[PDB]
Amino acid sequence: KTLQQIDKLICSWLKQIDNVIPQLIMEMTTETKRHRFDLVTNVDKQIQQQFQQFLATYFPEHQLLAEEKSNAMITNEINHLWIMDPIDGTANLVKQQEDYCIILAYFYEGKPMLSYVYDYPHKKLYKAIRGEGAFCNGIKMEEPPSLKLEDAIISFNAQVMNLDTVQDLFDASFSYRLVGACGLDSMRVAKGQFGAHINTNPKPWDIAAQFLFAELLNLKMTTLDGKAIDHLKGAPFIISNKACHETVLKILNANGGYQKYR
Amino acid sequence: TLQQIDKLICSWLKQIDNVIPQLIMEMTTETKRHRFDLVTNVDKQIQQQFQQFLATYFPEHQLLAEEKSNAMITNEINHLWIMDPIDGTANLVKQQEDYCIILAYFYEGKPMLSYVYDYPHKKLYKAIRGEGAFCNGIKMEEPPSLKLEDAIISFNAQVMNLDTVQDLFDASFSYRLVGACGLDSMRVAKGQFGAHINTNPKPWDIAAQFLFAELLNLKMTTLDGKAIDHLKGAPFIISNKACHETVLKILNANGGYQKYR
Ligand SMILES: [Mg+2]
Ligand SMILES: [Mg+2]
Ligand SMILES: [Mg+2]
Ligand SMILES: [Mg+2]
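Note that the protein sequences, when read in sequence, are chains A and B.
Numbered per the working numbering, the first sequence spans residues 1 to 262.
Numbered per the working numbering, the second sequence spans residues 1001 to 1261.
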């Protein structure tokens, strides 16, 4: 199989989920996990099951690393690895029915080859294909214009950060917005609408697709130390326009750094 | 009937839909009071064109609007339209997304028609005294009750004290921000958010919301619980009914929400 061929299969499968999701929204059940605000719905689980049955049924060699199942499951060493957040932004799904997505990323011998962020509520499928480029619904994306921090909007979670560094990021930037799903706030950076998105504790599925978007669109995607991220393991991370990446990291690691307690 | 006036407004909106591309094509950006206070040709032309519409079809009606001078009398005026030609100009210029047109009509002080048009996503929220509130025709209903602890909230955390920001985070389900008063308010009308706060809105930022709040059974007041005068700003909130008091309580507590540094 060629990559365009695999993409044809995956797009096709993502598109056919437009048919299923409404039914699941209509019969939505909710459980908690690590605490009462750590939600998981019937929608998350059904989308994951169906992808795994789809993977089993076309790429039986390939593995799945995904949020709503256990994963061991090794480096890398796994020739063909899929990583999935069946619903990124479950809270938003639950509370708003909007601003959530589906994340998939394909890795061959550890190198990222295909990435998808599907903004279902707005029927906007973002994908990235190595050798072809990045697209939103077939409309090819290009590297965004340079944005300095003071000219850019930033997105991050202000509840899990020391309020001093929160303030500094407000002061240093043009404005603050939050969509509330890593894949969506990440896409706003890829489109050039936000200068940078931060998440101080993502799981691997929250950021798996963004790797290839960052590469093909000359974005910086690093740890909050400016280091490479290991796609199997999470790390605190940033996805940024090139002209403001250094400035945001400088601000975050300043004065003892960015955690509550420093 | 306002049904009639509504058809005409809707038809003006359709016409503006065909116009905005051209305006973007030749977009031009200036700043007003500071580097963060933007205006573009899109703002100016949309406004000028409603002014023309109104001079054509309703010559006794008056217009209070962001991009022009306004005097223009408090009380004592029978047909008044309030306009924010683009609400979320920062979003337009920075994101080309999440901005709206805000338009509302007031007959002897009373809300009769209101319009929040989310052009980017082709969604028109309207409200019509006697008929109801609509989103592209689908009738909007009063949203379910939302206690604060089960609700997402939206506000500008930069303009506020960081102790009351925290206390607001502590008491709600989560925090989001769209960045246009029109759209953050419509999230509340839809029950996606429990409340939205703006501490220093202009009349045009909040003018459409009065009529939505009334018909959908929301609360809309100052940050002291009072009636808002539609002709002048005031620090304001629009809230699901089941979280209004709690939010106001938290905002006024420990000496208030205002910056101290
Ligand atoms: Mg989760
Ligand atoms: Mg998830
Ligand atoms: Mg303005
Ligand atoms: Mg405006």
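C-beta atoms are modelled at their ideal positions from N, C-alpha and C, and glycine is treated no differently.
- Boundaries of the beta strand (DSSP E) around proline 112/A: 111-119.
- Taking CB atoms only, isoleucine 10/A has no neighbour in chain B less than 8 Å away.
- The DSSP-derived three-state label of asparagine 92/A is helix.
- Here the alpha carbon of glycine 1256/B sits roughly 32 Å from the alpha carbon of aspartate 185/A.
- In the DSSP assignment, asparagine 1198/B is bridged to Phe1236/B.
- Scanning the stretch 33-74 of chain A from its first residue to its last, the whole alpha helix (DSSP H) runs of 4-plus residues come out as 42-58.
- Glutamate 1141/B is classed as exposed because its beta carbon has fewer than 16 other beta carbons within 10 Å across all chains shown.
- Using a cutoff of 7 Å, the CB of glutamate 1066/B counts as near ligand 3, since one of the ligand's heavy atoms is closer than that.
- Remark: three or more beta-carbon pairs, one from each stretch, lie closer than 8 Å, so the stretch 1006-1018 of chain B and the stretch 1106-1122 of chain B are flagged as touching.
- Of the heavy atoms belonging to ligand 4, at least one sits nearer than 7 Å to the Cβ of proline 1085/B.
- Contact annotation: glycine 110/A and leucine 216/A have beta-carbon atoms that are not nearer than 8 Å.
- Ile102/A is the residue among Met26/A, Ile102/A, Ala158/A, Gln167/A whose C-alpha sits nearest the C-alpha of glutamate 67/A.
- Sixteen is the threshold: when 16 or more other Cβ atoms of the shown chains lie within 10 Å of the Cβ of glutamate 98/A, as they do, the residue is buried.
- DSSP, reduced to helix, strand and coil, places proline 1203/B within a helical segment of the structure shown.
- Looking from the CA of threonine 1031/B, the closest CA among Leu1023/B, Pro1021/B, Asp1043/B, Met1025/B belongs to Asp1043/B.
- As computed with DSSP, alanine 209/A is found in no beta bridge at all.
- Bridge pairing for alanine 105/A: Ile83/A, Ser115/A [DSSP].
- Inter-segment contact for the stretch 1141-1152 of chain B and the stretch 158-174 of chain A is absent: fewer than three beta-carbon pairs are separated by less than 8 Å.
- Taking C-beta separations shorter than 6 Å and ignoring five residues to either side along the sequence, the partners of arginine 188/A in its chain run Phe194, following chain order.
- One finds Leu1162 in chain B with Cβ atoms closer than 7 Å to the Cβ of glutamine 167/A, taken in chain order.
- Around the beta-carbon of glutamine 1022/B, fewer than 16 other beta-carbon atoms lie within 10 Å, marking it exposed.
- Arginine 177/A is classed as buried because its beta carbon has at least 16 other beta carbons within 10 Å across all chains shown.
- Distance from the Cα of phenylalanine 1155/B is smallest, within the candidate group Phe1210/B, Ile1138/B, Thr1199/B, for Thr1199/B.
- Closer than 8 Å at the C-beta level to chain A, one finds these residues of the stretch 1164-1188 of chain B: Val1165, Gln1166, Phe1169, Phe1173, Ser1174, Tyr1175, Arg1176, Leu1177, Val1178, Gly1179, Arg1187.
- For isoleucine 1152/B, the neighbours in chain A by C-beta distance under 9 Å run, in chain order, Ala91, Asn92, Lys95, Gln96, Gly180.
- Following the DSSP letters along the chain, one finds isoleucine 1152/B inside the beta strand (DSSP E) bounded by residues 1152-1155.
- Distances taken from the Cβ of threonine 1089/B to the heavy atoms of ligand 3 include one shorter than 7 Å.
- Along the stretch 192-211 of chain A, going in chain order, the ones with a CB nearer than 8 Å to a CB of chain B are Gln193, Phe194.
- Per DSSP, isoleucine 1138/B is one residue of the beta strand (DSSP E) stretching across 1138-1140.
- The distance from the Cβ of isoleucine 153/A to that of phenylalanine 170/A is about 11 Å, inconsistent with a contact at the 8 Å cut-off.
- Excluding residues up to 5 positions away in sequence, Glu1060, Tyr1107, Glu1108 lie with their Cβ nearer than 8 Å to the Cβ of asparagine 1078/B in the same chain.
- The Cβ of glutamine 259/A sits no closer than 8 Å to any Cβ of chain B.
- A direct Cα-Cα distance of roughly 24 Å separates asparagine 1240/B from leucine 1231/B.
- Taking 8 Å as the CB threshold, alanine 1133/B stays off the interface with chain A.
- One finds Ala158, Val166, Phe170, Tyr176 in chain A with Cβ atoms closer than 9 Å to the Cβ of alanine 1157/B, taken in chain order.
- Not one heavy atom of ligand 1 falls within 7 Å of the beta-carbon of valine 179/A.
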